[PDB]
Amino acid sequence: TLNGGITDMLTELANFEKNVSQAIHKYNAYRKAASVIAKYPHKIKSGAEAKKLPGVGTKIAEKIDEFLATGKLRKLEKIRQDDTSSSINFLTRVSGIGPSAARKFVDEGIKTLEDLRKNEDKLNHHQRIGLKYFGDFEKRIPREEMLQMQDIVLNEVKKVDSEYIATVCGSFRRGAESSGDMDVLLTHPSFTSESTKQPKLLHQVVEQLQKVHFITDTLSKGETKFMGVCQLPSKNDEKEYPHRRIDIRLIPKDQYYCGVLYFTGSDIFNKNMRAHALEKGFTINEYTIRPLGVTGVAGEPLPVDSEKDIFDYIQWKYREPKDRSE
DNA sequence: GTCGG
DNA sequence: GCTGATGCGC
DNA sequence: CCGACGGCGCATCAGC
Ligand SMILES: Nc1ncnc2c1ncn2[C@H]1C[C@H](O)[C@@H](COP(=O)(O)OP(=O)(O)OP(=O)(O)O)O1
Ligand SMILES: [Ca+2]
Ligand SMILES: [Ca+2]
Ligand SMILES: [Cl-]
Ligand SMILES: [Cl-]
Ligand SMILES: [Cl-]
Ligand SMILES: [Cl-]
Ligand code: NA
Ligand code: NA
Ligand code: NA
Ligand code: NA
């Protein structure tokens with residue numbers, strides 16, 4: 001793509017700062033910069049040009065001049081050659097191993113996939129599952145498969161209670177031809193901001209999906225959020241489908257629109273929408289949009305009857321899901 | 001790392 | 001058990 | 001020119 005060399009470079013720097021440096025604000029700075037550059041409609045030809053964009057400052061502008069002049073960045077060349085950094089970065093690819101766990105593993109001499117398998121006893125349950133399906137979770141999911149997955153989830157939810165509504169969100173809802181995983185937003189009329197009239201609404205759905213062997217493992221699970229693993233059924237003598245990551249959020253039925261806005265993403269789109277909201281004097285989460293007071297305290301939830309309502313409050317033109325991708 | 005209080 | 005902090009993740 | 005940057009669920013640990 002246009003400016004892909006530059007946005008690749010900045011994404012790699014972002015990942016180095018989060019995973020190795022543990023500098024989460026530099027991670028965010030690089031991600032914002034990558035994002036704005038990715039949506040910039042001209043081929044960037046100097047650092048000075050790039051510096052005019054919001055989120056690009058002096059330091060990223062120098063890097064862009066170096067990349068443009070040379071087709072590489074010396075900082076990144078040195079990072080790539082650093083075995084310890086590469087091992088730390090690599091270990092974070094495992095679900096359940098973040099930057100802190102990865103550094104401790106590498107410090108203890110665990111630097112490779114083989115090292116992890118020989119040291120399963122040092123891993124928690126989440127990390128064990130992450131390791132077990134490491135190869136599978138690196139793969140993306142074709143939209144054709146996401147459609148078969150949607151069909152199974154929606155059917156099984158219907159069988160538990162026809163009053164449930166399940167909506168497949170994330171990249172899928174944004175129209176992507178492939179997805180990293182499956183995110184399902186769940187609502188039921190017995191769960192609203194005003195009451196919990198039935199117990200175990202999420203649990204009921206999870207156990208039915210387990211019963212039919214669609215959900216195969218659990219990474220975490222509470223009353224509102226399930227994080228786990230699932231798999232499509234496959235035909236005789238045919239290779240198995242990869243195991244996939246699945247997340248299910250149960251949101252109060254009356255907060256559906258803030259819910260689907262959040263769960264539709266992208267992640268960068270949400271953080272920029274929420275930042276804009278803040279400077280328009282609002283705070284947004286997956287439940288509500290509320291006005292900000294002088295103390296800093298959030299007011300009461302504002303009425304919302306559509307995704308577009310949320311955009312209107314902060315004076316954004318509506319963006320369809322497909323225009324919320326990076 | 002960037003931008004603003 | 002709790003509150004608060006951290007780690008991991010959406 | 002130093003300090004703030006979306007927002008939150010679940011799991012685990014520290015210090016009660
Ligand atoms: N840091 C964050 N802040 C706000 N919202 C987030 C954040 N991370 C994830 N989300 C929201 C937006 C995401 O689209 C949604 C589902 O997350 P996730 O599955 O991780 O990514 P995704 O569906 O956008 O892309 P992918 O195809 O890689 O899964 O949750
Ligand atoms: Ca997803
Ligand atoms: Ca997800
Ligand atoms: Cl930082
Ligand atoms: Cl479970
Ligand atoms: Cl809503
Ligand atoms: Cl709220
Ligand atoms: Na700038
Ligand atoms: Na990880
Ligand atoms: Na169907
Ligand atoms: Na199996």
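Convention: sequence-line order gives letters A, B, ...; per-chain numbering from 1. Computed from heavy atoms alone, side chains included, the values below leave out hydrogens, waters and symmetry copies.
Using a 4.0 Å cutoff on non-hydrogen atoms, the parts of residues 211-228 of chain A near DNA chain D are A/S220, A/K221, A/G222, A/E223, A/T224, A/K225, ordered by number. For the segment residues 45-77 of chain A, no residue has any heavy atom less than 4.0 angstrom from an atom of DNA chain D. If you check residues 195-207 of chain A against DNA chain C, you find no residue with a heavy atom closer than 4.0 Å. Residues of residues 280-291 of chain A having a heavy atom closer than 4.0 Å to DNA chain D, listed by number: A/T283, A/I284, A/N285, A/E286, A/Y287. Of the residues in residues 302-326 of chain A, none has a non-hydrogen atom less than 4.0 angstrom from any atom of DNA chain D. Contacts with DNA chain D (heavy atom under 4.0 Å) in residues 96-121 of chain A: none are found.
In this pair, A/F311 and A/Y318 present their aromatic rings perpendicular. The plane angle is above 60°, beyond the 30 to 60° band.
When DNA chain D is scanned 5' to 3' for any atom under 4.0 Å from a heavy atom of chain A, the first and last hits are D/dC5 to D/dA11. Nucleotides of DNA chain C with any atom under 4.0 Å from a heavy atom of chain A span, from 5' to 3', C/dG7 to C/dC10.
Among residues at least two apart or in separate chains, side chain to side chain donor-acceptor pair (under 3.5 Å) pairs with a member in residues 42-53 of chain A are A/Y40-A/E49. Residue pairs meeting the side chain to side chain donor-acceptor pair (under 3.5 Å) criterion with at least one partner in residues 255-265 of chain A, sequence neighbours excluded, are A/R173-A/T264.
Taking the side chain to side chain contact (heavy atoms under 4.5 Å, CB included) definition, one finds that A/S325 meets it with A/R174, sequence neighbours left out.
Side-chain contact check for A/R249 versus A/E286: some heavy-atom pair is nearer than 4.5 Å.
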Please report, to 0.1 Å, the donor-acceptor pairs under 3.5 Å made by any side chain of residues 208-228 of chain A, with sequence neighbours excluded.
| unit_1 | atom_1 | unit_2 | atom_2 | d |
| --- | --- | --- | --- | --- |
| A/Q208 | NE2 | A/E156 | OE1 | 2.9 |
| A/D217 | OD1 | A/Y133 | OH | 2.7 |
| A/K221 | NZ | A/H203 | ND1 | 3.1 |

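Annotation: D/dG6 and B/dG5 have their P atoms spaced 12 Å apart (nearest Å).
A/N270 comes within contact range of no nucleotide atom at all, as no heavy-atom separation falls under 4.0 Å. Residue-level contact check: A/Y30 touches the backbone only, with heavy atoms under 4.0 Å from sugar-phosphate atoms and none from bases. In this structure, A/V36 reaches neither bases nor backbone, as no heavy-atom distance under 4.0 Å exists between it and the strands shown. The residue A/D183 sits close only to the backbone: its heavy atoms come under 4.0 Å of sugar-phosphate atoms, none of a base.
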